[PDB]
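In structure tokens, the next block holds one chain alone, the form deposited in one PDB entry.
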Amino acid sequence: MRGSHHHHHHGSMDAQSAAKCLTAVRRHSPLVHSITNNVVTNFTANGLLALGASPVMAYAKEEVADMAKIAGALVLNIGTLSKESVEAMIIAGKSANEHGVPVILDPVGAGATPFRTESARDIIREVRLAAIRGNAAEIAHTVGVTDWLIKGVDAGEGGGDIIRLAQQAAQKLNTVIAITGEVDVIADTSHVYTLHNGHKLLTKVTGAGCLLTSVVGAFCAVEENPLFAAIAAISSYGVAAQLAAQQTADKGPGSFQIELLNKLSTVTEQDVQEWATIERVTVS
């Protein structure tokens, strides 16, 4: 089911190709194996079901190798990590690597404690990753940006710094780096894009980001290029979120959470084509 829905020889990844990827997810219902934190398990599963994917949660070292080998994508999330779960994530990741199943990492809280930072690097060192999704601070700490410079990530300013961070981190780790924030930045070793969809309400629902990383996995299961896969995932999620906010912005984060689940199931190819905002960044 891992097809090719876009190629740079035809131009920059765009809304139409993103919309195609979404339909492929609905069509193939990829099995997405998540080894995530216990604050977002139920939400992640429900979000994936709403979207049209097949979620599976298995954490036991006695069975993670077997589950990951048959999955369409593997997503590792250290939100509530333990030494045991980190072990399982690497066992699952190696099985995934051996079988060609793309692996996505969400380094939740990397930088907050040495344990999270090191566990994130342990995974990167022991597992080949198709992509890493996180906020600017988490990415900077994970890749090793020098202490004193990290501050350069604070506040909310853009136009190059965050864009360069993404490309430099991608070049260093040889993977796709997706930094979400006021403006989202996605890059691989030689290409960079900025995405402009979503709604601030997402910052008021726990797991909004964790679920997003799982959605990136679902798209990575049907699109061979993780960059394009991630761009389509984030754009689709963002449109779904904007549509959800229109119906609940005035009600509150509770109604919005529920409506996001509804929209992930009702958002159409037409919606993405019409509202997705994807911009290629001139790199040179």
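Quick note: we count residues from 1 along the sequence shown, nothing fancier. Only residues modelled in both forms are compared. Rigid core here is just the name for the largest C-alpha set that superposes within 1.5 Å across the two forms.
Form deposited in another entry: not shown, discussed below.
Summarising the superposition on the core between the shown form and the other one, the listed residues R128, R164, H196, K151 contain exactly one with a Cα shift of 2 Å or larger, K151. Between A136 and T146, the Cα distance is smaller in the other entry than in this structure, by no less than 3 angstroms. Between this form and the other one, the CA-CA gap for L149 and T203 narrows by 3 Å or more, being smaller in the other entry. In sequence order, there is only one run of at least 3 consecutive residues whose Cα atoms each shift by 2 Å or more between the shown form and the other one, relative to the superposed core, and it is 145-159.
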